[PDB]
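Next comes just one chain, in structure tokens: the form deposited without the named molecule.
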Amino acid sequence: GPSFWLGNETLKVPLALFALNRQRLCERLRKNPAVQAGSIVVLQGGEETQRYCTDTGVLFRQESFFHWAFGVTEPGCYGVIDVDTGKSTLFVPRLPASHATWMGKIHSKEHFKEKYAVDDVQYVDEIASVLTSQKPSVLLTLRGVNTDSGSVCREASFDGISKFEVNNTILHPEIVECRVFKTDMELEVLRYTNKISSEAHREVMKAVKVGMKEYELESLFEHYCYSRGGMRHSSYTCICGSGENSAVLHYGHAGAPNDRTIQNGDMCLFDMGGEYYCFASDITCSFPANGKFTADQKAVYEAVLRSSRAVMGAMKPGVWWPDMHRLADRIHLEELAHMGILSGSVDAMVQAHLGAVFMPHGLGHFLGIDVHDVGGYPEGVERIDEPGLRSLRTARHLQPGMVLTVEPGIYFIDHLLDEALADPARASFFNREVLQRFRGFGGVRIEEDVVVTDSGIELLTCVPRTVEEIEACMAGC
């Protein structure tokens, strides 16, 4: 059948991918004992937006659940799925015949039907009529709480919906759960987003020169991803932290917009990932600006390399994700002790949650259509109220088909260091004369994207990682 493509060397994504998603959603819904026969899933697509009160258009990116189900790139659509039959209907805007002037061809409904391989296409203004005709028992709409933002999903509405029975509680947990497990077709797209983003990271490492602004590398990264990968969007705002900014976890946003001059001796921590057809990638590379690790930089870096590889090697079905977080903590503490920053029993350090002083964020998260993907905390899976672990975006056990980032890091963050040094249960583990050398060091994060397999993981990311590989890459070898 048909495929989404941006030509050149970009990936052809079969529209069958979305058909399979629709089938899987229906299969799950049919197993749910609360679901009535004759139910119809109703999703509302994103709409075109403008900046504030202006007419300045914002580039449209589809809403993630709607994209998962339909793969539709146009704004202003709806999509419905008969649960019992699996039959899909796309609803497209009826554009005035007088509109070929400003926006482009006025495509027929037949064009959209063949483009998206759905069962039927109707106009948005006909939705109440078309639904009334099907005599559904209930409309299943999307409403629930995203566990990363705390936002409530936008439930579909249309002129005439009040005439229907509507259930807005059943669908969200089921569609979330389907999104958690990537199909083989979805994995092909994620391999591709990781391929292009990995190439772009390598180009950035080759291009970095002392004296550049951080944003020069952001620009280069996005230019590679778009011109060579067809990635018009990134998956999140690029983090190009250099020097002390590598310790700033929330960096690159408008209040800290990648505007520091990279200096000789600085570490760089670049967390960037292109998006292709609404599928994410998320990769972080850390390396010395000047292309040569100092002894202290090599020590910190190789500690995170060790925890990265230990977590990847331990991951397999049945592994509890918080145990991976604690595994990384333990390794970091051992290496920070080997380095002389810490002294004493690593067992006692773990008991005092010292790892969270150095890695306050979660070890990694699900990834898919959203970079922080849905389904980390379904009902019955509890957040753990401890330093570090409270920041984890899932406390689930791993299963085949889950896609995770693995992103341990070690940072020297003054607020956290100083808090630990004030606490008698934690202060004694520090050698202050050694820690002093590391104030302003910045931080190192190594982030890989992986898929859980039947026996372990498959790594999607392909960037230089050892000190040797990084130095050779940056030397222009």
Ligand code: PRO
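Residue positions are given as counts along the sequence shown, with the first one as 1.
Quick note: we don't show the form solved in complex with the named molecule, though the next part is all about it.
The chain is drawn here without the named molecule; in the entry with it bound, the stretch among 359 to 367, 226 to 234, 128 to 136, 211 to 219 whose residues come within 4.5 Å of it by any heavy atom is 359 to 367.
For the residues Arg393, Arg260, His172, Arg179, the 4.5 Å heavy atom test against the named molecule in the entry with it bound is passed only by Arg393. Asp271 is the sole member of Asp266, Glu186, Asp271, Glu275 with a non-hydrogen atom within 4.5 Å of the named molecule in the entry with it bound. A residue is said to contact a partner when one of its heavy atoms sits within 4.5 Å of a partner heavy atom; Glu335 fails this definition for the named molecule in the entry with it bound, lying far away. Contact annotation for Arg445: at least one heavy atom lies within 4.5 Å of the named molecule in the entry with it bound.
Counting a residue when any of its non-hydrogen atoms is within 4.5 Å of the named molecule in the entry with it bound, the hits in 372 to 407 run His372, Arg393, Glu407.
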